[PDB]
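Read on for two forms of one protein chain; each stands alone as structure tokens, with the labels structure 1 and structure 2.
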Structure 1
């Protein structure tokens, strides 16, 4: 798409009932977006079924879950898990007895990695092996799932797979410089992506973040056909990020965190959904807002996109509950600091020429720049220092709100989806939240 495709209206249909089956195509580890969606499915009475990515034995070989690991995972999910290890990516795949792509990275050093070259023929054979492995795994999982979904049922397949960074000792330092480096510590994301290491990373991103959605849709084709030929509806969802519209000068405007290295893979994901949609398959990528549930992570500055949600809460027929969110956000700031001054900082941030330059949709995802590092990391740090305690941030409150709103939006929109790719920006999130809390 040449521009964002917004979902503006709060969905109000639900076709799912007790006996319908919700399938989590991904494994839950810690809290994130998927929890809210799973909760919506459970509240609607759906049977929850999940996959596992498996674990690794003492020799780093992939294996299924033990009965105890399985019990723990099923307790976490609140549903049955099919114990067939669906590990995405090919970074640890190889023809029998041959080196993995990860093996080929073993000798990369801080000084050598940028110019080190890889054997792309071998890597290609490894990718082929990995793709076939994942396909056979999906076949087994679907063979077992087929009997758990009754004739006449509706099925909701929720894809959550993302990632693909290979294990290599040099990567932590590289990432630290790219994401957090200023001055001489600054490092262009292009330095990584132009290297063979970076090219491998991007290939694996395409496999894990995008192509797994295709493997899900194709692998479940027989099940889909059987359910559709009976009285049922089948849905596929995926989580996307492709920037978010937020209030700048009291107008909703698209922006993004830069540099989002998974961007090309997310656009491939989008195209997979669009193709499927053209084949009559109800697959939808939901492009969700920036969140930062762990402000100790490496992505310094992503949280800057969140703050205008406060204004959105007031704008979209906000009442007492919205005002209570403002109060909650005031309470975590230090003595002497106002919430208004924080929001002012964000106004100045989005008004800057440097940040305006990154509102380029066609160039997305763009490379970072030294100037970007300066203003983004500087602004993020300035706002962090406004707080009484760094374990209780305005961004914790707002991230929680986004998760809360996004669950029902996706769950209900999926009953009657408007299209294959939909943006959930601050406007519809605020509408949903204010609706949910209209009696509080």
Structure 2
């Protein structure tokens, strides 16, 4: 697409009932986006089922969960977990006794990594082994799930998977320079992406963040057909990131965190949804706002995009509850610092020529720059130092609100989706949150 495809109106329809089955295709963590959606599924009375990625033994081989592990995971999910290790990516896959891609990274150093070259034939061999492992896993899971979804049921498959970062020591050093580095410690995104290391990482990102959705859609085809033929409905959702419209100069304008390294994989995810949609499959990627979760915590500055949600809460027919949210955010700031000052510093940030330059949709994701690093990391740091405690942040409050709002948006839109790719920006999320709280006054 050449511009965002916004969802503007709060959806009101629902087809899901007791007996219908919600499948979490990913693991549920605290602060995770999926919390919003799964709670909706739970309150609609759906049967909750999920997958596990399994665990690694110390021979670094994949294993299913133990009884104890499974019980814990199932209590955390609030439903059954199918005990098959559905770990995506190929960074730890290889033919028996041969190096993994991770092994091939083992002798890269801080001095050598930009120029180190990889045996791409071997990496391709590993990719094939890993991909076939994941497909075989998906077939296992779908075989078991098929027996759990009766004829006539509706099924909701919710994809959440994103990742593919290799567990090697050199990369997090490189990462701290790319994501947090200023001045002489700045390292451009391009430096990583042009290296063989970066190329490998991007291949893994495509596998985990994008191709897993395709494997979900293909792997569940028999179930889909049987349900569709027996009066059921089937839906697929995925969490996308492709920038977000936020209030800049009292207008909702698309912007993004830069540089979003998963960007190529997220656009491949979108393409998978579009291809499936043309085949009559109801698959939708929901491009959701920047928040702080386990997967985005490292992206220092990503959270700068979230603060103007406060202004959206007021703009979208905010009343007493929105005012209470402002009060809540005021309370975590140190005496002498006002929420107004915080928000003005964010408006100043988006007003800057440097930041205005990154509002280029067609160029997304753009490479970062030293100027970007200085203003983004500087601003993020300043705002964090406005807080009473660095463990109680305005962004904690606001990230929880976005979970809460995107939940019903995705759950209800999936009953009758407008298209294969939809943006949930601050406008529609604020509308949803104010509407949910229309009875909470004072």
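Residue numbers count along the first chain shown, from 1. Heads up, when I say rigid core I mean the largest set of C-alphas that superpose within 1.5 Å between the two forms.
Candidate set 297, 218, 228, 151; criterion, C-alpha shift of 2 Å or more between structure 1 and structure 2 after rigid-core fit; matching residue, 297. For residue 31, the Cα coordinates differ by 2 angstroms or more between structure 1 and structure 2 after the core has been superposed. The Cα position of residue 97 changes by 2.2 Å between structure 1 and structure 2 once both are aligned on the rigid core. Core fit done between structure 1 and structure 2; CA of residue 264 shifted by 0.2 Å.
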